[PDB]
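Residue numbers (this note's numbering), protein chains in the order written: chain S, 788 to 1021; chain E, 302 to 1294. Built from N, CA and C at the ideal position, the CB exists for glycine as well. A quick write-up on the structure given underneath.
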Amino acid sequence: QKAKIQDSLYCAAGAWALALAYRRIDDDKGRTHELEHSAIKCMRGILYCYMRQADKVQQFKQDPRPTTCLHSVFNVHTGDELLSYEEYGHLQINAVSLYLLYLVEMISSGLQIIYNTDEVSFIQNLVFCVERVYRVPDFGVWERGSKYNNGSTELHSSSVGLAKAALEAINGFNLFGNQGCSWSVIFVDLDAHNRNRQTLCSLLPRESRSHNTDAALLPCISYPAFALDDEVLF
Amino acid sequence: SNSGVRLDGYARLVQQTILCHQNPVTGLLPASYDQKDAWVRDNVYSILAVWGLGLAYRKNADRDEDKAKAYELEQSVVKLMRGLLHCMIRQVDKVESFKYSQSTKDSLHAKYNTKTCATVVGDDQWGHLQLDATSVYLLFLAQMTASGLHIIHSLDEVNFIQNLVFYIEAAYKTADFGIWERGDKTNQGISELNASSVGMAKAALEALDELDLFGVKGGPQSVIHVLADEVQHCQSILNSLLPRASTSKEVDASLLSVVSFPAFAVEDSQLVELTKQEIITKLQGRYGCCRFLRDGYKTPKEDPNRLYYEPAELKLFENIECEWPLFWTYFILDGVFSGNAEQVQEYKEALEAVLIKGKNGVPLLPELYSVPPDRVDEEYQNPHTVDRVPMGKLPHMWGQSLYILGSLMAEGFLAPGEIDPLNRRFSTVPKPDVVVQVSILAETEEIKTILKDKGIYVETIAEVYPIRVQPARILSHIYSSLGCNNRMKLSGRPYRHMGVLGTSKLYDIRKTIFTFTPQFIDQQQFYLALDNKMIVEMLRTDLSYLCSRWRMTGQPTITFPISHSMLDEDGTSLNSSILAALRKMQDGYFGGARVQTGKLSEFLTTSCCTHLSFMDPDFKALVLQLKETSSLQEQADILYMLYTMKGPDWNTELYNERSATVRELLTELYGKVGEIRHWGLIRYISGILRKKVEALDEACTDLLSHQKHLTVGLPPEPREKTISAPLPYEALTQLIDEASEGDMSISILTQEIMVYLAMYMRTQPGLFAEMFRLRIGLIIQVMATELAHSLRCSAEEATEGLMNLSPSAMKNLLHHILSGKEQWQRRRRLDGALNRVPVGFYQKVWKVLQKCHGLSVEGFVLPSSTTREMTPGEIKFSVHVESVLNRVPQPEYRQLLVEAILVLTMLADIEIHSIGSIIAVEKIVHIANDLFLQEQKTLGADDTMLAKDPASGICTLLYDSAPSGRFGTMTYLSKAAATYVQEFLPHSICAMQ
């Protein structure tokens, strides 16, 4: 019954890419729309699972701690929480950053994901939570926490890079697409992005305090993120 | 612009009233008040105002603000639609379980919770069966999809929609709790058929006939296929069930939602006008129209904290019913839609007064108005005079949304063609005519040569290689594999028979044209097709039925194969009846349709073609005796005995080279008998193979549609449970089997006779008038006695003769006995056996019970207190009076008590007084018999014709006497009634007029 968020996001990416590839044909026999849906439905399911926890977002805004963080594993059949904080931690911001960046990518390519203004407000508060990534530690993408695996959290380069990319994409972007007005945009504080960049540009050669190098840095400096405008450092 | 200001004001009103409770994450609004529960129907009706506002805003494009507002409204509607779709998807197991054996415990819950989309009420504390809610859901989903909105999204959702369509297609033969979720007037945990349900289900099926749910970009794999037989059956049940509300309700205000803008599921505009006049006369008030007569909702009595009201509602709810302005809004919608302008103005003026202001001077529509407890007697004595007070949910989402939509349409900002892109407004346009095309095919070369010799030009089965002809069972198996999913555990459409309207249209499978013969002609399914006269007449009926409705687009096509079974005894020429029929078809007229004979290729140019995209790639001594015995009837008896003792499926080992089971031998015997056309053992073989007449449930429901009761077998007291509600095919088959018991022929005879009455009712609904209950066993005994009297033979000889007749012979004899045509005692016997009573008999009985303390029928008693519980138009009256009057097992005595009650009612009409005592019909008829005997003795009659009934003590001459005349039984009955009245009067007479 467990279901991760990153895997669903990547499956939606594959479906969207296949739909885009099929878009080159005029007579699709009703196939491009199906994959475009599949992407829409995956994004909407992730959004609904996140919206089911609003008090968690409110607590994250005030005192960001692993005990007051959004869950990362939900039920695959009912969209319910499955594992408590004492067995998984659930402190993963890379999934949220990837979700925001991918939502930006799909809307820019042309899609209809966000319906009401309440969803816009929730996305804005999610961006508010993400703006303070550069101070809180996280368990990382590998959900172990560190090499020692003793339930300890530490700052990770990949997470910071993904958050910086998401903030760069969500800056001034219109969530309503072409059919949008001036009251459907997302505002981003510049000082948070500057702090994230300052925190990234100095710890980038390594992965973390306990990791000299990690394979998880590859998505941070490749296709999904592209958050390293340094060339030589890359 | 002024129009922009008005649109902004309407949008502000909508946001302040409905959209403020959007309930994000899920998108399902609460049903007002402190309920915290979501209703599918309520939310669907509430979203109508938002959809209309979005449609109006979309027209004023080219501006960022207006485009954003329209986009937001459309996306809110889509979010609500998706939330509801997820809610219904949560119960795929329940839907799949309901798909087989329709029961109240297998249907999805009508009450759904708020966010997190869970179930708030279990399966036994509420009525979780409301076809109206899911039906209006489907209809409005189709309407919005046709408008341009994208709601249905995946192939899995398409399969779920197809499964739910299959689930809802059986609404015309199932009991429902209704829109009010309370069944009939008395809850008592009962449900009954409702016109609204079936009509709106028919409309939903019609709307989704060929809709592409993916929009213009959809392909052949994202379409919904709905058959036309269910739609026509629903139209039929609506036509035959709309002189009133339902079986128990004389009139219901929700009937407007069938004959108005909601779903426009009605024809014969005169019926619509009559229904509107009736509801206006019987329901309209000073603050709207009441839901229905005798309703106890929101009353100052009957313990509001209670359920399952006991039957004591003679006056407690009469003339004090609450009134709902929602039906007033429905009236304004109906007026503003079709062609009316002054009606809209007058109804808006009436409705503006009953409106109650809210916060910041916002209009609000109260749920209902209730009568104050103090002013109850004044309202009872002076109806519609007292003043009511607001009550219920003050911000009624349904009524407010309907009123907003009506105001928007009346103001001209919206057009009738926007909310109805499917053009359902013209459903009342008369249909000019339809031409049906038929094709005659020959199986072999000899048949084709024979028809060529007789001046008939045809084409054989071969030489038409691109076209294939298959039986309708193959087509049934084809449609059984529609909407099948393994991940969702969906079994697809259940196997069912296919009518004429399904096999008529052409089908394209694997780029090949497929035509299918009509289902009836299958000789293996049943032996009804053996008789040629039966064949010609039900072909006439089939042609009539096809040419009557033909609601499907395109021309029809009928393929007729001429088999080897209707040839003459010599097997060299066609029969007279089939030859006359084909000559009539060649002349362009048969039955009540115009027909043009031609080739299949010629008809292929224009016809109804459907593409199925979903199929793209001592025992040995007994055996020896059976083998060697003559007298094929004895052979059938031996086969029966071996099957029942030890031959259910065990091989008989009759042959040595190949082992053939008992079923194979039975089939071979049936085939051998079919060529000799000897009706001596066909019945036993049919009973042993347990063949059941196709569409038995359809016959049951069309018989029960006209407020009739059915009964199987000869009646004893314990068994023969009456049938009052439609039941599935399995339950019906089990009931007829248990009624027939070990006879095994009573079952098949009952099936044949009942399908015969079902066929006759549609053709002539005049012979069954003034019937209330049909008892199959009694009419069986009646025709057996008639055959015995005609042949002057024994009961056994009568039974064998009855079995030996042809199906056309049974139809002719039942038609004859139904007309009651061809002594006086015999006629009285037939009348009593079929319980024939005059139409006004029930009003007469009700008046007599009102004017008398009771009636004694030589056993038990019928109290007069039942007149307050009960009404003349109630079927409860029918069942109670019939049960009271059938205690005497003598048809003759039954007719005697009918005429005695009639003369008693005439006397009570003559005399203006109160009897104030119990009157016995038995004493009256005994006194009349004694008077007749005395008159006969005085006149000079001797003892031989002064006979006595061995079981009733009534002279035979009394039965043989005509009802009218100087010496008729009527005068003696009136004299006896007058003597009884004088005996029960204070030594005088009180008869004046």
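Measure the CB-CB distance between residue i and residue j and report whether it falls below 9 Å.
i         : j         : result
E:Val1083 : E:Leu1050 : no
E:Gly784  : E:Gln463  : yes
E:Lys921  : E:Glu954  : yes
S:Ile973  : S:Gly959  : yes
E:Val655  : E:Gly597  : no
E:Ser1041 : E:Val1013 : yes
E:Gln1151 : E:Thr1172 : no
E:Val1226 : E:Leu1274 : yes
E:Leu970  : E:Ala937  : yes
E:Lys1145 : E:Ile1216 : no
E:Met1072 : E:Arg984  : no
S:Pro851  : S:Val923  : yes
Are the C-beta atoms of residue i and some chain S residue less than 9 Å apart?
i        : result
E:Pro325 : yes
E:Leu456 : yes
E:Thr417 : yes
E:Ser523 : yes
E:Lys380 : yes
E:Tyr358 : no
E:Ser377 : yes
E:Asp394 : no
E:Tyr372 : yes
Tell me, please, whether the CB atom of residue i is closer than 9 Å to any CB atom in chain E?
i         : result
S:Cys968  : yes
S:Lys843  : no
S:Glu906  : yes
S:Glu918  : no
S:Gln899  : yes
S:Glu868  : no
S:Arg852  : no
S:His858  : no
S:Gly817  : yes
S:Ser1009 : no
S:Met838  : yes
S:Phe847  : no
S:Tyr809  : no
S:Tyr902  : yes
S:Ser971  : yes
S:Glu994  : no
S:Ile827  : yes
So who's on the other strand from residue i, going by DSSP bridges?
i         : result
E:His1010 : E:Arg1074
E:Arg1169 : E:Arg1169 is not bridged to any residue.
E:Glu760  : E:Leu742
E:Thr898  : E:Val739
E:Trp625  : E:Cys590
Could you tell me how far apart the beta carbons of residue i and residue j are, in whole angstroms, since I believe they sit closer than 8 Å?
i         : j         : result
S:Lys789  : S:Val860  : 5 Å
E:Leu742  : E:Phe861  : 7 Å
S:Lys934  : S:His998  : 6 Å
E:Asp823  : E:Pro772  : 6 Å
E:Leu386  : E:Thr435  : At roughly 11 Å, the Cβ-Cβ gap does not stay under 8 Å, so E:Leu386 and E:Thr435 are not in contact.
E:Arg1128 : E:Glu1193 : Contact doesn't hold; Cβ gap of about 10 Å is too wide.
S:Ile880  : S:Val920  : 6 Å
E:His912  : E:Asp809  : 5 Å
E:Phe478  : E:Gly428  : 4 Å
Beta strand (DSSP E) runs wholly inside the region 906-993 of chain E, at least 3 long, in chain order: 910-912
Segments of 3+ residues assigned as beta strand (DSSP E) that fall wholly inside the region 1196-1252 of chain E: 1219-1221
Length at least 4, wholly inside the region 1130-1159 of chain E: the alpha helix (DSSP H) runs in chain order: 1142-1152
Within the region 789-842 of chain S, ranges of the alpha helix (DSSP H) (whole runs, at least 4 residues): 792-809, 819-838
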